[PDB]
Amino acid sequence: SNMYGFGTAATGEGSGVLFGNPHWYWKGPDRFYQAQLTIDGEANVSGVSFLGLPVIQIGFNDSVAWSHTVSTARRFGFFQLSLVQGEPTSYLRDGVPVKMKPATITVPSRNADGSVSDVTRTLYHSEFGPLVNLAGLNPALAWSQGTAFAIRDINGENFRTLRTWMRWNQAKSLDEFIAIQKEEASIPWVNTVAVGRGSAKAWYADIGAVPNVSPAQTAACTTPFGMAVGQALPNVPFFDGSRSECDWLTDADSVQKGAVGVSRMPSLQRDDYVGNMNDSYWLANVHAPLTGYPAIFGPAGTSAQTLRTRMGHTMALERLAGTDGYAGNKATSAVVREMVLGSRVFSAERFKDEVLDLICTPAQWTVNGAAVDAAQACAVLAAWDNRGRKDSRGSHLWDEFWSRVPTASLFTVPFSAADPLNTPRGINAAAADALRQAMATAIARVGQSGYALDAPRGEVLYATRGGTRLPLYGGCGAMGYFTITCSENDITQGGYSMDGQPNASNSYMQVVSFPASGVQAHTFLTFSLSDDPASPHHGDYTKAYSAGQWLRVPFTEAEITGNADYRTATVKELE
């Protein structure tokens, strides 16, 4: 997921601009559903909910617009239980035995022959949360006579989340939005960015529900099992549940027991921009990095950022620098609408020429002892515009190549926290053999798919509606796309079809601003509103997305009633 909040200095208008771009499911019940709710004297809000949720989770009203991205902050931990021996369904706490609480559950299950069998299991809870089978994580982690494991999710006891989005749906300013976020400290697993009418600064926060452990606890309470799997579960507290001093802590300003207090969770307001593309809070704005917050929120300088994070902040900086090829140097709603679909590929922009210089002369190779003719791959890539637009040619060769390049010792300029957008970089001449291996395989895979090496991307990457393959643009985060359209289909099985259950991709998108006349929002719901192939709303929006045609979504009563497709009907029944 990506989001930006541009402040008034960045937009040059009297209002900021909010860009919401969750990358999310195209099918299933967690997919988004776009709607407006107008509740007399109470709320008037528009945006999306997951199917089955009743309040708007990403959206806007007349006063504030906001979005979310999944946060790096861990939200769960494990507790290693020391068992009362001979009684493996009890565990010790400071030397006193505690019974696990059993639940005998019967599930009816339909058989091949039509009959129904009951399936019965007794499952358990500890004071921390449910027991969990960790033998799959490592066989040494079985529930034995001596040891079991429980998982605690901070959100299992957080009953505040829906109420928080409800209050945001109602909020009449960004100040109020901020106050609600702080009062509730409930946001369960995402960052938030918001822009408000009449506010100069955009808001970023990872203020929500987060386990609270101290560095001294992590050192004292992590069990030897915990240390041995800690690298598989980075920042997840894996603690000795037999010791009460290893319970999650509570701060004087914690809203929930065991959770991080409000003043120790990261946020930032900026006149220019904030953004997030799923790395930690560190670079909400690259000019003003955030540091010093609890380790569980993720690294703030020890780790290189993803290619998508590098691409997303590069796009913001180049817009405000006026060096991205769009007119002017302000992040206006109109320019943001274009920039976020522009499908630049960071890995190609930064590394393609160096890779081609290093491996394309000569263009006939010996790879694993076999003759490989790379002349067409080299020429097609040299000519390619480094974008995944519908008409871009050879972009899918780059996808098959870059995704296969080994990363160890690939770069000669290592990550530097002083420049996390431009490092690491510098393709290592010593990688030449490995890069040719990766390119030979790419060439072979594109060959097997039946597409030409220089096929336009919209023939490779598409969504079928009504029997017609609508051409798409964008790509996968691993290549350094910001515009995400990321198929789970192997290219050799009919190309990058978006028709199955694709990887997290562009879903609900909104660009929202607050001109003097009233909030204005431009939206997409890329997969369309309805899952029913017979509905006119199964493919209409997707046809618009393929065309790059943002929908101006009506908001005021006059806009709704004046809409060219307006229909109304009233549903009523006795409560």
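Numbering starts at 1 and follows the sequence shown.
As the entry records it, the average C-alpha temperature factor is higher for 80 to 88, out of 80 to 88 and 261 to 269. Taking only CA atoms, the mean B-factor in the PDB entry is higher for 138 to 146 than for the other of 138 to 146 and 191 to 199. Listed residues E349, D399, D118, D153 were ranked by CA B-factor as deposited; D118 comes out on top.
Comparing C-alpha B-factors across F225, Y204, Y481, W165 in the deposited entry, the largest value falls on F225.
When the modelled residues of the chain are ordered by their C-alpha B factor, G548 lands in the middle third. Sort the chain's modelled residues by C-alpha temperature factor and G59 lands in the lowest third, per the entry. In the deposited entry, the Cα temperature factor of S535 places it in the middle third of its chain's modelled residues.
Residue-level temperature factors show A35 in the lowest third of its chain, judged at the C-alpha atom. Placement of the Cα temperature factor of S343 within the chain: lowest third of the modelled residues, per the deposited record.
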